[PDB]
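The next block holds one structure in the form of structure tokens; read it before the comments.
Proteins get letters first, then strands, A, B, ... in listed order; numbering begins at 1 in each.
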Amino acid sequence: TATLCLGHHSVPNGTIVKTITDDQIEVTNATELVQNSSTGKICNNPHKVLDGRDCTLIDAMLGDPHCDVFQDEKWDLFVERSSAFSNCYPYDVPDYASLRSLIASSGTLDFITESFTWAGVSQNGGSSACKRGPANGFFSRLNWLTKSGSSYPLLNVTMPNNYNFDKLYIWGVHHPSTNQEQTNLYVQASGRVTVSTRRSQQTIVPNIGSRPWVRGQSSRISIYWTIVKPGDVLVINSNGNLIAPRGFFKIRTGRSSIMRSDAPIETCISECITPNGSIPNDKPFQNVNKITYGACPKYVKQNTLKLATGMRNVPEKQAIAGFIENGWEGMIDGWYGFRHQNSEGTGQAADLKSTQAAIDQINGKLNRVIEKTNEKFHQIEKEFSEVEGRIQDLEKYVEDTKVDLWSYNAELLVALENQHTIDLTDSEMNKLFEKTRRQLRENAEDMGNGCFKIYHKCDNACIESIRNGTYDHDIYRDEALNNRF
Amino acid sequence: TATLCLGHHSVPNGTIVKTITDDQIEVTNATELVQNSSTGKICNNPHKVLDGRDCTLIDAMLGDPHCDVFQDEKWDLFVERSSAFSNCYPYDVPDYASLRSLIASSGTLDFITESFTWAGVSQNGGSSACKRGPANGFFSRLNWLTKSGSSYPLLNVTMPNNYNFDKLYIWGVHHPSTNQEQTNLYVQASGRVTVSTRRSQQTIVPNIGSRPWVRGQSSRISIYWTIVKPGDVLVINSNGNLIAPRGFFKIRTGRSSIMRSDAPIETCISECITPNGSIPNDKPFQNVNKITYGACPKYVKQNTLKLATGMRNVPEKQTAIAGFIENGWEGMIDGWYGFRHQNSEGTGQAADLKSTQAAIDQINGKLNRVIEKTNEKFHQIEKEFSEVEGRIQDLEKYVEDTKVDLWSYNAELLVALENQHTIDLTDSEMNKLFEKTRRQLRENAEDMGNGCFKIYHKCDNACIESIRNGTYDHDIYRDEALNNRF
Amino acid sequence: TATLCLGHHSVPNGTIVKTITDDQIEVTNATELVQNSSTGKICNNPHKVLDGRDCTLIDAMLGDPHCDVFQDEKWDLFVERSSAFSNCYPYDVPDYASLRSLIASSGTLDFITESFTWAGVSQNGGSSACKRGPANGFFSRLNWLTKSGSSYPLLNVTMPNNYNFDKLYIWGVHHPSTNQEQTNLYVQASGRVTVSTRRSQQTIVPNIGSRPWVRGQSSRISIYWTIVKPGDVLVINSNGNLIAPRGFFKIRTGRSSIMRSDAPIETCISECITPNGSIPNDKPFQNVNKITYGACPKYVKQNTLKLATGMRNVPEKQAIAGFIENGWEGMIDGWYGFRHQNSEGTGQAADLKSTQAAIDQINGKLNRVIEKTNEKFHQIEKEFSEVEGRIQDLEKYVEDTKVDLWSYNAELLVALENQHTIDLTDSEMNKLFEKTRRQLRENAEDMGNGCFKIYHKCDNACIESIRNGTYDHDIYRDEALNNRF
Ligand SMILES: *[C@@H]1O[C@H](CO)[C@@H](O[C@@H]2O[C@H](CO)[C@@H](O[C@@H]3O[C@H](CO[C@H]4O[C@H](CO)[C@@H](O)[C@H](O)[C@@H]4O)[C@@H](O)[C@H](O[C@H]4O[C@H](CO)[C@@H](O)[C@H](O)[C@@H]4O)[C@@H]3O)[C@H](O)[C@H]2NC(C)=O)[C@H](O)[C@H]1NC(C)=O
Ligand SMILES: *[C@@H]1O[C@H](CO)[C@@H](O[C@@H]2O[C@H](CO)[C@@H](O[C@@H]3O[C@H](CO[C@H]4O[C@H](CO)[C@@H](O)[C@H](O)[C@@H]4O)[C@@H](O)[C@H](O[C@H]4O[C@H](CO)[C@@H](O)[C@H](O)[C@@H]4O)[C@@H]3O)[C@H](O)[C@H]2NC(C)=O)[C@H](O)[C@H]1NC(C)=O
Ligand SMILES: *[C@@H]1O[C@H](CO)[C@@H](O[C@@H]2O[C@H](CO)[C@@H](O[C@@H]3O[C@H](CO[C@H]4O[C@H](CO)[C@@H](O)[C@H](O)[C@@H]4O)[C@@H](O)[C@H](O[C@H]4O[C@H](CO)[C@@H](O)[C@H](O)[C@@H]4O)[C@@H]3O)[C@H](O)[C@H]2NC(C)=O)[C@H](O)[C@H]1NC(C)=O
Ligand SMILES: CC(=O)N[C@H]1[C@H]([C@H](O)[C@H](O)CO)O[C@@](OC[C@H]2O[C@@H](O)[C@H](O)[C@@H](O)[C@H]2O)(C(=O)O)C[C@@H]1O
Ligand SMILES: CC(=O)N[C@H]1[C@H]([C@H](O)[C@H](O)CO)O[C@@](OC[C@H]2O[C@@H](O)[C@H](O)[C@@H](O)[C@H]2O)(C(=O)O)C[C@@H]1O
Ligand SMILES: CC(=O)N[C@H]1[C@H]([C@H](O)[C@H](O)CO)O[C@@](OC[C@H]2O[C@@H](O)[C@H](O)[C@@H](O)[C@H]2O)(C(=O)O)C[C@@H]1O
Ligand SMILES: *[C@@H]1O[C@H](CO)[C@@H](O[C@@H]2O[C@H](CO)[C@@H](O)[C@H](O)[C@H]2NC(C)=O)[C@H](O)[C@H]1NC(C)=O
Ligand SMILES: *[C@@H]1O[C@H](CO)[C@@H](O[C@@H]2O[C@H](CO)[C@@H](O)[C@H](O)[C@H]2NC(C)=O)[C@H](O)[C@H]1NC(C)=O
Ligand SMILES: *[C@@H]1O[C@H](CO)[C@@H](O[C@@H]2O[C@H](CO)[C@@H](O)[C@H](O)[C@H]2NC(C)=O)[C@H](O)[C@H]1NC(C)=O
Ligand SMILES: *[C@@H]1O[C@H](CO)[C@@H](O)[C@H](O)[C@H]1NC(C)=O
Ligand SMILES: *[C@@H]1O[C@H](CO)[C@@H](O)[C@H](O)[C@H]1NC(C)=O
Ligand SMILES: *[C@@H]1O[C@H](CO)[C@@H](O)[C@H](O)[C@H]1NC(C)=O
């Protein structure tokens, strides 16, 4: 007689994963699906990263004297450091966030000088709070107009848009601290600024009052913006307290954005940028930060998610035995194989078809459901330094909802994939056993432990024929029937 | 002896679907789950669709002379064309989108005239920029008040809400271009308009300055609105630059909305409306547009999603009968599973109705168990913009993108899971039929290894029919079968 | 000979669930996953709940005389009743919702009095619309300044923030009804109020005009707020129509919120609070309300969702029979068992291993994918008493999208879990049958009804050995072979 057994490989060190029906189960191999670390650096390729050392985007746009190196710059991502500061005339911007977001999304600081004509007033006003070297200065992109002689005539100028692109204009209004200062600068006792197009209008009345000292000034300047479509026209009408523009900014559409971070910039290649630094995007999920730019993994709350890439791990108990509650640590060539006890001796081989089928099924399984990468460039703000109320609450609620939903999706997907992997491996083993049983019609009996008891003389050639699939039962039919009964 | 085989049908041309464990597998039949085309026309039933033609909703509400045909109109969906224009006094509306959404959601333009008394001022002002035929005119729902004689007395009027429904009032403020114009129209050198109720107030100070010429006017008019609850009182106080209302609009709660489109309107029936036109809602997902009205399929990014309907398609081997082991039967058209028998009388074929019916019943109605039939949404947020604004527009775009991504992922996962379960159930049905057939023959037959049984006794057509029916009795063949086997 | 059967238990009354491949299937046991009822009361533990009674949060903060009991109060959840009313000077708050949300999220009403100096004006103004007992009064936290003698000097005061926490200041502007009233109260014909810090500024110009009578007054007061960071300074500049503050509120960060409800408050323990009342949080989903505070189940549209707990329910048909299309209602000591017919007599036993395995797999099944509870404290508003436009539409859209997505998730999860439960129970039964068949090598053959017939004499000891797994086929092989052939 002879003995033939079927079994599967095993490893000394397994990994614990989670499935639908099992809290913990050990498998031969697994991979991590969550990226939870960063190098702390921001790669300068392939995106064009612009580093604002001590300047905010708004200050660079306005023309702060210590931000003059940023003139006519372009970027894919603008990085704002926490050590940035303002060193010019004090100012405030109503709807600061909207202007900052639109400027960042434009992605360029291209400025074109236009020939504005201001008759009856003095131009190029300066202050000691904004020093350009040893002399008083001002924002390079703004014009401060004051009285000439002893009069401030009413200003009424126009400028049409004859190009094929939109124009962005930045202008301002001056708020004096005292009535005497207001009358000294502008002869009128109450100024007025009106800027309008064929479809929109804005009018600001300056406010007079004391304010906390900032770099020796108790006055302030408010900043406003206007966009002129092609074929439209811009009209500026003012009675005083006007901070005139010097030109327009060319506004574009693209995939530029802005980020707050303190990480240094190095020479490397990475497609994902986070405030903590660049991270690889070879995993579907990440746990570093919910603020991202480029092709990045989705953010989830979990810090680890193991995906099974192997079969169940079962130790070998201490006469050969099959796969019934028994693994084989001696199999190196494949995942499934045959162990036979013969008159010549004990042998062992491996089956390539079932192993290849299992490997092909397992490989690239996660790519069938989830997308490879998602590219997001400009999004909403997710961190705030001041309390505002309704809009901030809405933004926080939206972000929280998105994070929770994606975390649930990731958990469910991992559990389902692990369960299906275990099921497919078990099914492959059972299919191999059933095929082996079908090959031997009545010359063998099931020993009950994953092994077959062949009742005729089966040499090495016979075992090889069984493994190949060319076993002929009619040859040994009579001998096996005689031996069994 | 005799031979009995079990197998399943196959088709000459199959469809390729995607499962959890397989990226490309061929099945006998599949159906498309994504609607990706439209007729290009908007059906006028069962929803009431109002064509705006060359008028916007705000212009129609205000009373533009060329929009006078829209007085006291009702709609379920208001369609705005891209060729609409304004032909009256130039104006601007602070928070234009909010007022547009409010009017669209109200769903009606019902106007009730009220008896307002304005003492000491002239009424029914007109301009050459708003012509009512050959003569000067103005907005039909607004009253322009100017000085009478040489004085403009302070106006102080009241109007109580004695009804049981809310009132919507539309009023305005005039912005002169020059100080001389302001003094000429109204005696005071600085106007002031105050409209308030018991719980809210609004005050506007007009601005004087030149503006680009629009239809011969360098002045502008601002538009404001106020809502008066039942039992409340409206008080209007002004001393210049007031564009008085003539009445109130009835405001209702319903399922009306507004849509921007250029598609023509035709006579047909459709429950879903998109800017591209109407689309059928028989499929759970669509790819036409993310802007929808009515009972519409959910929007996804995928162009196509095939749901498996039949079994795995296996070609017939060209080579003695064979079973279902890696071989399909091309000659079966009366069922999904059947028997092929080789006998002394001759060969034959049949079909098993029970297993086929069970598989069909399991497959039928499969997607309705998870996905709800259809979702009905009427008024939503705006999803396309023509100007850059900043924070709010970014938030709206982010919300829409998040929703679209989540629904696309859900659709992909659902399709993969359903295909996998369909394949598994079909294979299980085939295996169960084979196991039952084996269980019927206790010791008179043995498995041949290729999905066929070798019966070791003379089994005529009646015996085969008894096997197929399930009334086979092995006792009266047992002796002969055991004698033949050994 | 002897007969051995394998089967599973059944119950007289079952329940219907839904699976992936079945519209309706009856199981032996199921549990409800959706909470759809409440006791109508709000439990006062463990959260600190403050009853607003007939006062609103804004009125309590301002210092309404009938809300004086709320001074220096703390809360985790503030409950606003629909019967609340105002009984002081008429007022309006621009961006009322933002201030309400800010105060609610702060979670305290701690007030610190500061020594402001107002030179040349009279303080502690009062009105008949706000009665402090028999005499005229005003808001306790606000100071009404009017002319002294026949002059109203320009006011210019400062207050620095030398602490290490943020300060919140509440101030106001008075709107007279007539020019004569404006002149009588304040000498100047046009007032002006300017409040600013080193980084922000606000200027309000009062408006004069008649307004509807409210408690005998045709005038109004507009409320504004300002926040001063540590190291900053507050400057107040005005020349009329100023409602001065008396101090600052301590603003904190925490998990406090506000709710609108009419349910009474009783003494009990509950972690979840809804406007309908408190609900238990032992279920993953709830259908009571979409407004929640604390550890609450997720809100879904469905009102019922049944999760399978037992196996399929098959009534027993009317010579023992196995599990093939037949259940056993007489078995109560286990889920799976054996029935044998013997010469000595019939019997019945239960198998504990398979039952324990099935119970362990079923137990804690839902905890493998979904979390126990999610804690949410402060969120967006979800019900509105008036129409506003864009922001309200955005909030409603966000809430609707979240609800729809979570409902879909719940439905799919329930269907998948039910399908897997049915599959695992069937697999357990089939595995037990296969093991029993494997034990009997050649001494028995399946008769097709889930039972085995044994061709040798098998007494109670032999049946017990078969159940235990110690059955030896070699002892009876010869007798069984002789009987079979
Ligand atoms: C309405 O009320 C506000 C607030 O009370 C007033 O604003 C103050 O205005 C005064 C000037 O009028 C300001 O005083 C100035 O402060 C400067 C900054 O002080 C800081 O830095 C110095 C030096 O580093 C420190 O010693 C000091 O502690 C602060 O940390 C000083 O640099 C100025 O000095 C100048 O004047 C002195 C006068 O002796 C000279 O000796 C100096 O050389 C130099 O020329 C000056 O002291 C004060 O800071 C303002 N306060 C605020 C909060 O802004 C308004 O003036 C008031 N309006 C009216 C109309 O009354
Ligand atoms: C502050 O600054 C603004 C901007 O510069 C000034 O606004 C301009 O005002 C003038 C009038 O004061 C406007 O000129 C008028 O333009 C009308 C439209 O012009 C278009 O159409 C004509 C014909 O189709 C074209 O030829 C032309 O190129 C334009 O395409 C004209 O129809 C008007 O014609 C009137 O005057 C002529 C003079 O000969 C008469 O013959 C006519 O019958 C008719 O009465 C007129 O020419 C100009 O368009 C305004 N510009 C803008 C941008 O709005 C403010 O006036 C200024 N304010 C102060 C106080 O100085
Ligand atoms: C601009 O226009 C507005 C609106 O028309 C005017 O506002 C009105 O002003 C008058 C004058 O004060 C107000 O009249 C007062 O109404 C009080 C409330 O009335 C209600 O309550 C009483 C008692 O419950 C009811 O009987 C009554 O029907 C109302 O339901 C009264 O209590 C006042 O009575 C006082 O005056 C009378 C005069 O004889 C005395 O006998 C009384 O004892 C008491 O002293 C008074 O009648 C009216 O309510 C205001 N209406 C609104 C809507 O606000 C502005 O005055 C006007 N501005 C200018 C400059 O003209
Ligand atoms: C455009 C212009 O007029 N620039 C002035 C500037 C303005 O007058 C002022 O800053 C507007 O608020 O003032 C400069 O001087 C400041 C200086 O002025 C004296 O009159 C005053 O006595 C000093 O205390 C001090 O404020 C400035 O450098 O800011 C001069 C500049 O030309
Ligand atoms: C209600 C009223 O007064 N309507 C007037 C209107 C207004 O005076 C004006 O539009 C307010 O801005 O003006 C109308 O004439 C415009 C006409 O006025 C002359 O005085 C001027 O010299 C011309 O150039 C021209 O602007 C108009 O039709 O708009 C007359 C109308 O009665
Ligand atoms: C701070 C102050 O001046 N309080 C007054 C208050 C104000 O004058 C008024 O409310 C501002 O609008 O008015 C009080 O009197 C109300 C009373 O005043 C008479 O002059 C008038 O003729 C009456 O009709 C009536 O309005 C008030 O109690 O509100 C007095 C208070 O001292
Ligand atoms: C990436 O940077 C963020 C900074 O926003 C880190 O998040 C903070 O971590 C600290 C320390 O645990 C917490 O006190 C803060 O509350 C966190 N902030 C937020 C907004 O969550 C994050 O830990 C960093 N991650 C890595 C991997 O470095
Ligand atoms: C339905 O109409 C929309 C119009 O918004 C079409 O979307 C545009 O398609 C063109 C052509 O590919 C693109 O260039 C635009 O960028 C698309 N716009 C947006 C907002 O996506 C859409 O293709 C139409 N669909 C059908 C089936 O006709
Ligand atoms: C819990 O309270 C809410 C209050 O909003 C109830 O919801 C309302 O129920 C009534 C009665 O059917 C409806 O007419 C309203 O339209 C509902 N409002 C909303 C916003 O849905 C809810 O039914 C209560 N639930 C329980 C279990 O008491
Ligand atoms: C485990 O799987 C990973 C990825 O599938 C593979 O790179 C690795 O070699 C595997 N480990 C072993 C021991 O085969
Ligand atoms: C394929 O399925 C669809 C619907 O499921 C059905 O209408 C069609 O007839 C099927 N195809 C065949 C060849 O039966
Ligand atoms: C049904 O299941 C629940 C929870 O698993 C359990 O409490 C209950 O006792 C079960 N019913 C029966 C009859 O065992």
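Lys436(B) NZ: 12 or fewer foreign heavy atoms inside a 6.0 Å radius.
Take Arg438(A) and apply the salt bridge (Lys or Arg N to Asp or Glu O under 4.0 Å) test, not counting sequence neighbours, and it matches no residue. For the salt bridge (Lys or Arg N to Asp or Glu O under 4.0 Å) test, residues two or more places apart in sequence or in another chain that qualify with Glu435(B) are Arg438(B).
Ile422(A) places a side-chain heavy atom less than 4.5 Å from the side chain of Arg312(A). In this structure, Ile467(B) and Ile455(B) have side chains that are in contact, with non-hydrogen atoms separated by less than 4.5 Å. When side chains are defined from C-beta on, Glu429(B) counts as touching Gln362(B), because their heavy atoms get closer than 4.5 Å.
When only modelled atom types and interatomic distance are considered, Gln356(C) and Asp360(C) share a side-chain donor-acceptor pair under 3.5 Å. Side-chain atoms of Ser10(B) and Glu316(B) form no donor-acceptor pair, as typed in the model, at a separation below 3.5 Å. For the 3.5 Å distance criterion, the side chains of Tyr455(C) and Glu445(C) qualify, holding a donor opposite an acceptor.
Using the six-membered ring where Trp is involved, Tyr476(A) and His456(A) have ring planes that are parallel, under 30° apart on the 30 and 60° scheme.
Aromatic ring centroids of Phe338(C) and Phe452(C) lie 6.0 Å or more apart.
Looking only at distances, a side-chain donor or acceptor of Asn443(A) sits under 3.5 Å from a matching main-chain atom of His473(A). Formation of a donor-acceptor pair under 3.5 Å by the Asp352(B) side chain with backbone atoms of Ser355(B) is found in this model. In terms of modelled atom types and a separation under 3.5 Å, the side chain of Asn449(C) and the main chain of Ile324(C) share no donor-acceptor contact. Remark: the backbone N or O of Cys458(C) is paired with a side-chain donor or acceptor of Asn342(C) at under 3.5 angstrom.
Just one residue in the list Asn430(A), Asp426(A), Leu432(A) forms a side chain to side chain contact (heavy atoms under 4.5 Å, CB included) with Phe323(A), and that residue is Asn430(A).
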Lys317(B) vs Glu326(B), salt bridge (charged side-chain N to carboxylate O under 4.0 Å, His left out): CA-CA, chis, key distance, verdict
CA-CA 9 Å; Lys317(B) 301 194 286 244; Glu326(B) 279 305 9; over 6 Å; no
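The pair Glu442(A)-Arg485(B) does not meet the salt-bridge criterion, since no charged nitrogen lies less than 4.0 angstrom from a carboxylate oxygen.
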